[PDB]
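Raw work17.cif, mmCIF, N, CA and C atoms:
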```cif
data_upload
loop_
_atom_site.label_atom_id
_atom_site.label_comp_id
_atom_site.auth_asym_id
_atom_site.auth_seq_id
_atom_site.Cartn_x
_atom_site.Cartn_y
_atom_site.Cartn_z
N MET A 1 -15.94 -3.68 -5.17
CA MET A 1 -16.68 -2.67 -4.40
C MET A 1 -16.69 -1.31 -5.11
N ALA A 2 -15.70 -1.10 -6.00
CA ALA A 2 -15.52 0.14 -6.77
C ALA A 2 -15.07 1.31 -5.89
N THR A 3 -14.81 2.43 -6.51
CA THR A 3 -14.40 3.63 -5.85
C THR A 3 -15.24 4.79 -6.41
N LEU A 4 -16.16 5.29 -5.62
CA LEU A 4 -17.02 6.36 -6.07
C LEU A 4 -16.60 7.68 -5.46
N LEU A 5 -17.04 8.76 -6.05
CA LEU A 5 -16.70 10.07 -5.60
C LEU A 5 -17.69 10.52 -4.56
N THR A 6 -17.20 10.99 -3.46
CA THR A 6 -18.05 11.52 -2.45
C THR A 6 -18.23 13.02 -2.69
N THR A 7 -18.82 13.72 -1.75
CA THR A 7 -18.99 15.13 -1.89
C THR A 7 -17.66 15.87 -1.75
N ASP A 8 -16.75 15.26 -1.03
CA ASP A 8 -15.42 15.84 -0.81
C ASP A 8 -14.57 15.69 -2.05
N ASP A 9 -14.62 14.50 -2.65
CA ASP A 9 -13.82 14.18 -3.85
C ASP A 9 -14.08 15.15 -4.97
N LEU A 10 -15.35 15.30 -5.31
CA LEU A 10 -15.72 16.17 -6.40
C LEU A 10 -15.47 17.64 -6.04
N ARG A 11 -15.71 17.98 -4.77
CA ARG A 11 -15.50 19.35 -4.28
C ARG A 11 -14.07 19.78 -4.53
N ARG A 12 -13.14 18.89 -4.21
CA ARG A 12 -11.72 19.16 -4.38
C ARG A 12 -11.40 19.47 -5.81
N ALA A 13 -11.98 18.71 -6.73
CA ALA A 13 -11.74 18.90 -8.15
C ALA A 13 -12.12 20.32 -8.58
N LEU A 14 -13.35 20.74 -8.23
CA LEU A 14 -13.82 22.09 -8.53
C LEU A 14 -12.91 23.15 -7.90
N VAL A 15 -12.64 23.01 -6.60
CA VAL A 15 -11.82 23.95 -5.84
C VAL A 15 -10.42 24.06 -6.44
N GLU A 16 -9.74 22.93 -6.58
CA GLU A 16 -8.38 22.90 -7.10
C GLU A 16 -8.28 23.45 -8.51
N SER A 17 -9.27 23.17 -9.33
CA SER A 17 -9.25 23.63 -10.70
C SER A 17 -9.47 25.15 -10.76
N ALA A 18 -10.34 25.68 -9.89
CA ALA A 18 -10.62 27.11 -9.86
C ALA A 18 -9.46 27.87 -9.23
N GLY A 19 -8.83 27.25 -8.28
CA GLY A 19 -7.73 27.85 -7.63
C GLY A 19 -7.61 27.34 -6.24
N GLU A 20 -8.21 28.05 -5.32
CA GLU A 20 -8.20 27.70 -3.93
C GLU A 20 -9.26 28.50 -3.20
N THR A 21 -10.46 27.92 -3.08
CA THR A 21 -11.61 28.52 -2.40
C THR A 21 -11.85 29.99 -2.78
N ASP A 22 -11.88 30.24 -4.08
CA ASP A 22 -12.03 31.59 -4.66
C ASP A 22 -13.47 32.05 -4.67
N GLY A 23 -14.21 31.67 -3.66
CA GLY A 23 -15.62 31.99 -3.62
C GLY A 23 -16.42 30.78 -3.99
N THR A 24 -15.70 29.79 -4.45
CA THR A 24 -16.23 28.53 -4.84
C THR A 24 -16.47 27.69 -3.59
N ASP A 25 -17.63 27.85 -3.00
CA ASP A 25 -17.96 27.13 -1.80
C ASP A 25 -18.84 25.97 -2.11
N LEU A 26 -18.26 24.81 -2.08
CA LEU A 26 -18.98 23.59 -2.36
C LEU A 26 -19.07 22.80 -1.07
N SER A 27 -18.87 23.51 0.02
CA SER A 27 -18.91 22.99 1.35
C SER A 27 -20.26 22.33 1.64
N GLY A 28 -20.19 21.09 2.06
CA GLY A 28 -21.36 20.30 2.30
C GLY A 28 -21.85 19.67 1.03
N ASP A 29 -23.10 19.88 0.74
CA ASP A 29 -23.71 19.38 -0.48
C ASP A 29 -23.74 20.50 -1.48
N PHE A 30 -23.44 20.19 -2.70
CA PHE A 30 -23.42 21.19 -3.74
C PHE A 30 -24.04 20.63 -5.00
N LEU A 31 -24.85 19.62 -4.85
CA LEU A 31 -25.46 18.95 -5.98
C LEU A 31 -26.62 19.73 -6.54
N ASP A 32 -27.26 20.50 -5.69
CA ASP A 32 -28.47 21.20 -6.06
C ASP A 32 -28.13 22.63 -6.50
N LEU A 33 -26.86 22.83 -6.77
CA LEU A 33 -26.36 24.09 -7.27
C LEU A 33 -26.28 24.01 -8.78
N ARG A 34 -25.82 25.07 -9.42
CA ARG A 34 -25.70 25.10 -10.87
C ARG A 34 -24.33 25.66 -11.18
N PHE A 35 -23.75 25.29 -12.30
CA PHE A 35 -22.42 25.77 -12.64
C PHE A 35 -22.36 27.23 -12.97
N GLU A 36 -23.35 27.72 -13.69
CA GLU A 36 -23.41 29.15 -13.97
C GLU A 36 -23.59 29.91 -12.65
N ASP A 37 -24.35 29.30 -11.75
CA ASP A 37 -24.63 29.84 -10.42
C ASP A 37 -23.35 29.94 -9.57
N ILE A 38 -22.38 29.08 -9.85
CA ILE A 38 -21.12 29.11 -9.12
C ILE A 38 -19.97 29.66 -9.96
N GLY A 39 -20.31 30.22 -11.12
CA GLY A 39 -19.34 30.88 -11.98
C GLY A 39 -18.39 29.93 -12.68
N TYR A 40 -18.92 28.87 -13.22
CA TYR A 40 -18.13 27.90 -13.93
C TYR A 40 -18.48 27.84 -15.39
N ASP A 41 -17.48 27.66 -16.21
CA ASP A 41 -17.66 27.41 -17.62
C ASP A 41 -17.39 25.94 -17.82
N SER A 42 -17.70 25.43 -18.98
CA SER A 42 -17.44 24.03 -19.29
C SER A 42 -15.93 23.79 -19.34
N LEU A 43 -15.19 24.84 -19.67
CA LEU A 43 -13.74 24.80 -19.77
C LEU A 43 -13.13 24.32 -18.45
N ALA A 44 -13.65 24.83 -17.34
CA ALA A 44 -13.19 24.44 -16.02
C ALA A 44 -13.71 23.06 -15.67
N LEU A 45 -14.85 22.70 -16.24
CA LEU A 45 -15.45 21.39 -15.99
C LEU A 45 -14.60 20.29 -16.61
N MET A 46 -14.01 20.60 -17.76
CA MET A 46 -13.08 19.68 -18.45
C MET A 46 -11.95 19.38 -17.50
N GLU A 47 -11.37 20.45 -17.01
CA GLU A 47 -10.28 20.42 -16.06
C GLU A 47 -10.65 19.68 -14.77
N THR A 48 -11.86 19.93 -14.30
CA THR A 48 -12.40 19.25 -13.14
C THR A 48 -12.42 17.73 -13.38
N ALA A 49 -13.06 17.31 -14.47
CA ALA A 49 -13.20 15.91 -14.80
C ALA A 49 -11.84 15.28 -15.02
N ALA A 50 -11.01 15.92 -15.84
CA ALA A 50 -9.68 15.42 -16.21
C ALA A 50 -8.82 15.02 -15.01
N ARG A 51 -8.87 15.83 -13.97
CA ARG A 51 -8.08 15.58 -12.77
C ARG A 51 -8.55 14.30 -12.07
N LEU A 52 -9.84 14.06 -12.10
CA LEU A 52 -10.41 12.88 -11.49
C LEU A 52 -10.27 11.68 -12.42
N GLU A 53 -10.49 11.92 -13.72
CA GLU A 53 -10.36 10.91 -14.76
C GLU A 53 -8.99 10.26 -14.70
N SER A 54 -7.96 11.09 -14.59
CA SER A 54 -6.58 10.62 -14.53
C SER A 54 -6.31 9.73 -13.31
N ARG A 55 -6.89 10.07 -12.16
CA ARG A 55 -6.66 9.28 -10.95
C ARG A 55 -7.39 7.94 -11.01
N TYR A 56 -8.65 7.98 -11.34
CA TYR A 56 -9.48 6.79 -11.28
C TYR A 56 -9.39 5.93 -12.54
N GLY A 57 -8.79 6.47 -13.57
CA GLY A 57 -8.59 5.73 -14.79
C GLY A 57 -9.83 5.69 -15.64
N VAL A 58 -10.57 6.78 -15.66
CA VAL A 58 -11.77 6.84 -16.45
C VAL A 58 -11.61 7.82 -17.60
N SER A 59 -12.60 7.89 -18.44
CA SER A 59 -12.55 8.72 -19.60
C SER A 59 -13.95 9.16 -20.01
N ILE A 60 -14.19 10.44 -19.94
CA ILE A 60 -15.46 11.01 -20.30
C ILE A 60 -15.26 12.04 -21.41
N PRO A 61 -16.04 11.93 -22.51
CA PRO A 61 -15.98 12.88 -23.64
C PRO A 61 -16.11 14.33 -23.18
N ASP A 62 -15.30 15.20 -23.78
CA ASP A 62 -15.25 16.63 -23.43
C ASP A 62 -16.62 17.26 -23.62
N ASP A 63 -17.29 16.85 -24.68
CA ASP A 63 -18.63 17.33 -25.01
C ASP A 63 -19.65 16.93 -23.95
N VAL A 64 -19.40 15.83 -23.28
CA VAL A 64 -20.30 15.34 -22.24
C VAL A 64 -19.95 15.99 -20.89
N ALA A 65 -18.66 16.25 -20.68
CA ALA A 65 -18.19 16.92 -19.47
C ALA A 65 -18.73 18.33 -19.44
N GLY A 66 -18.56 19.04 -20.54
CA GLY A 66 -19.04 20.39 -20.63
C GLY A 66 -20.48 20.46 -21.07
N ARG A 67 -21.31 19.67 -20.42
CA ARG A 67 -22.72 19.62 -20.72
C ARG A 67 -23.54 19.60 -19.41
N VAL A 68 -22.86 19.38 -18.30
CA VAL A 68 -23.53 19.30 -17.00
C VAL A 68 -23.85 20.70 -16.46
N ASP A 69 -25.10 20.92 -16.11
CA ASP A 69 -25.54 22.21 -15.56
C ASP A 69 -25.42 22.19 -14.05
N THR A 70 -25.62 21.03 -13.49
CA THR A 70 -25.56 20.87 -12.07
C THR A 70 -24.38 19.99 -11.68
N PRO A 71 -23.68 20.33 -10.56
CA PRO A 71 -22.56 19.54 -10.04
C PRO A 71 -22.99 18.12 -9.73
N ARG A 72 -24.27 17.96 -9.42
CA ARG A 72 -24.86 16.65 -9.22
C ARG A 72 -24.64 15.75 -10.42
N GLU A 73 -24.92 16.26 -11.59
CA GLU A 73 -24.80 15.47 -12.79
C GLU A 73 -23.35 15.25 -13.17
N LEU A 74 -22.46 16.13 -12.73
CA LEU A 74 -21.03 15.95 -12.98
C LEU A 74 -20.59 14.74 -12.13
N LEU A 75 -21.03 14.73 -10.88
CA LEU A 75 -20.75 13.65 -9.94
C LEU A 75 -21.34 12.35 -10.48
N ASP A 76 -22.60 12.45 -10.87
CA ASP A 76 -23.39 11.35 -11.42
C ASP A 76 -22.68 10.76 -12.64
N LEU A 77 -22.23 11.63 -13.52
CA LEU A 77 -21.53 11.26 -14.73
C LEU A 77 -20.24 10.49 -14.43
N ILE A 78 -19.38 11.05 -13.58
CA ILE A 78 -18.13 10.38 -13.26
C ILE A 78 -18.37 9.08 -12.50
N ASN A 79 -19.27 9.11 -11.52
CA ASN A 79 -19.61 7.89 -10.76
C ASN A 79 -20.22 6.84 -11.66
N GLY A 80 -20.85 7.28 -12.73
CA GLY A 80 -21.39 6.37 -13.71
C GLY A 80 -20.27 5.65 -14.42
N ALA A 81 -19.26 6.41 -14.84
CA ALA A 81 -18.08 5.87 -15.51
C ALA A 81 -17.26 5.01 -14.55
N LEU A 82 -17.25 5.39 -13.28
CA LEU A 82 -16.58 4.63 -12.23
C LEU A 82 -17.23 3.26 -12.05
N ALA A 83 -18.54 3.22 -12.22
CA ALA A 83 -19.29 1.98 -12.14
C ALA A 83 -19.09 1.15 -13.41
N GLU A 84 -18.70 1.82 -14.49
CA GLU A 84 -18.39 1.16 -15.77
C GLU A 84 -17.01 0.51 -15.70
N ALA A 85 -16.27 0.88 -14.67
CA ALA A 85 -14.99 0.29 -14.38
C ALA A 85 -15.23 -0.75 -13.29
N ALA A 86 -14.19 -1.37 -12.80
CA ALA A 86 -14.35 -2.37 -11.77
C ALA A 86 -13.11 -2.45 -10.94
#
```
As structure tokens:
Amino acid sequence: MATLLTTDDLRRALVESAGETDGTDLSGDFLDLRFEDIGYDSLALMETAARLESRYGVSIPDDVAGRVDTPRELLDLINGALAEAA
């Protein structure tokens, strides 16, 4: 059945990596947002992915992690790798 990331799962990654709700409101849907729009660098995106990567046992290239403009594609990317697992 696999284990995919919901809006809460990915939200936590962003929030926890940034700190603790530091203006980073990913409450509800945040897929149609942009990382620059929410004050994120790819550096934090690495950290975001890494925290999830470690739990789910996935691995995404740093260059690919720090390439997503929208949180949607970050979710899409990890869920893609999650589907590459079983």
Exercise. Using the chain letters and numbering of this document, enumerate as a list in words the residues selected by the PyMOL selection byres (((chain A and resi 15 and name CA) around 12) and name CA).
Key: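 For this structure, the PyMOL selection byres (((chain A and resi 15 and name CA) around 12) and name CA) captures residues 8, 9, 10, 11, 12, 13, 14, 16, 17, 18, 19, 20, 21, 22, 23, 24, 25, 26, 27, 38, 39, 40, 44, 45, 47, 48 and 51 of chain A.
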Practice problem: Could you jot down the CA of residue 65 (chain A) to atom N of residue 4 (chain A) separation for me, Å, one decimal place? | Solution: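 Computing the Euclidean distance for CA of residue 65 (chain A) and atom N of residue 4 (chain A) yields 18.2 Å.
Residues selected in this file by the PyMOL selection byres ((chain A and resi 71-86) around 5) comprise residues 31, 33, 69 and 70 of chain A.
Of note, CA of residue 63 (chain A) and CA of residue 35 (chain A) are spaced 15.4 Å apart.
Note that atom N of residue 3 (chain A) and CA of residue 41 (chain A) are 27.5 Å apart.
Among the candidate residues A:28, A:36, A:6, A:1, the one lying nearest to residue 52 (chain A) is A:6, with distances computed using only C-alpha atoms.
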Practice problem: Compare A:29, A:7, A:43, A:37 by their minimum atom-to-atom distance to residue 66 (chain A), counting only N, CA and C atoms, and give me the closest one. | Solution: A:43
Self-check item: All helix (DSSP H, G or I) positions in chain A, as JSON, numbers by chain
Solution: {"A": [7, 8, 9, 10, 11, 12, 13, 14, 15, 16, 17, 18, 42, 43, 44, 45, 46, 47, 48, 49, 50, 51, 52, 53, 54, 55, 56, 62, 63, 64, 65, 71, 72, 73, 74, 75, 76, 77, 78, 79, 80, 81, 82, 83]}
Build an axis-aligned box that encloses every atom of region 44-57 of chain A listed in the file, pad it by 6 Å on each side, and report its centre and edge lengths in Å to one decimal, as AutoDock Vina command-line options.
```
--center_x -10.9 --center_y 15.3 --center_z -14.7 --size_x 21.1 --size_y 31.1 --size_z 19.5
```
